[PDB]
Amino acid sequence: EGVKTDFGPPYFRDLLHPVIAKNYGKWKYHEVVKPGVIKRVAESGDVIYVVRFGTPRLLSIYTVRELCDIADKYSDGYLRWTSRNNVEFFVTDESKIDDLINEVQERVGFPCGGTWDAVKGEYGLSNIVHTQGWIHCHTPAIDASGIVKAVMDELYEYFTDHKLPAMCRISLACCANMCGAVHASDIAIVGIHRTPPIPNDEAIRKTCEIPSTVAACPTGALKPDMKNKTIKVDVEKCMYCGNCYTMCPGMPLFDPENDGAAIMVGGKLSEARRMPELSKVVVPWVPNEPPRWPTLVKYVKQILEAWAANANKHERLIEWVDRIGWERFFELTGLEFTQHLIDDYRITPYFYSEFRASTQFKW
């Protein structure tokens, strides 16, 4: 017979709640009832309650099962995740909504929240999108799971309620690869190195293809050394990006004392109000201080508090800076501007600044 292949994922229509399958594509409006709870009303009269809980993204198989017992009890055997790794349950009986929330809180320790309501103008802080870190990755500068947990501990009250005046997403990348929309977050934590590679000639000769390793350096800092059939690095051109180590095991650049995180802010994806935007560095570096990263967490809370206190309704972080200017931003966040924050990444072309990176245009 042979082994089955090329059959793809299960067809989603067969995993939808009957009330979802029925009203598919025929909704009237949605209404945010309270943090964690969204009422959705179909054309046909059907009313469905979408209830949202935060998760550690990394789940035990025993946890997923318990979530399975819960969904059988309250949502007729149906559930979904959101694109931020929240998990969501569907309840047709409004009387059982608080029963659900209390049962998940009890059985798995996940909290009900993560929603926002543009209608009223009151916004929760949702989950932090993030990567493997030290749990699984070979190129991290910082941990992802430890830090998300440390930050969520400090800002918990903003996930379970709608206390902010605009959307604020927080995202983390354990190195400059990003592995997420971390480069386009209102606040972004990005793992960096601050030290050049030390070429290990034996490992380079054995395992690295030299011309593609050299072509991976954005600054031209690497050159082939034909004589010893290896690579030479010019440290004056290196900015510790790490892309040569991704290509080549013989180019390690990790230094646990000098690896750490940059804090970026002001990205936006959505189009509402204001075109989309790449985040920008405002804190060059904070160290790794596991298990709780107090320095990094303090700067994150400091930036969040300052925006939230001065933001008008619907005015996200980049929109706030749009109004106040960067001079005030640095003043009000109590942050220092230094020469590091002046862009010198040469390879990117000016013409990109002139391409419409947005769905906003008139017909």
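Each residue number is its position in the shown sequence, starting from 1.
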query	finding
282-290 or 269-277, whichever carries the higher mean Cα B-factor	282-290
Of 176-184 and 131-139, the stretch whose C-alpha atoms average the higher B-factor in the entry	176-184
Member of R205, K120, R194, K232 with the greatest C-alpha B factor (per the PDB record)	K120
Top residue by Cα temperature factor, when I147, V214, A166, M264 are compared in the entry	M264
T63, C-alpha B-factor rank within chain (lowest, middle or highest third)	middle
Chain-relative CA temperature factor third for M226	highest
B-factor third for the C-alpha atom of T82 within its chain	lowest
Chain thirds of CA B-factor: placement of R13	highest
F7, C-alpha B-factor rank within chain (lowest, middle or highest third)	highest
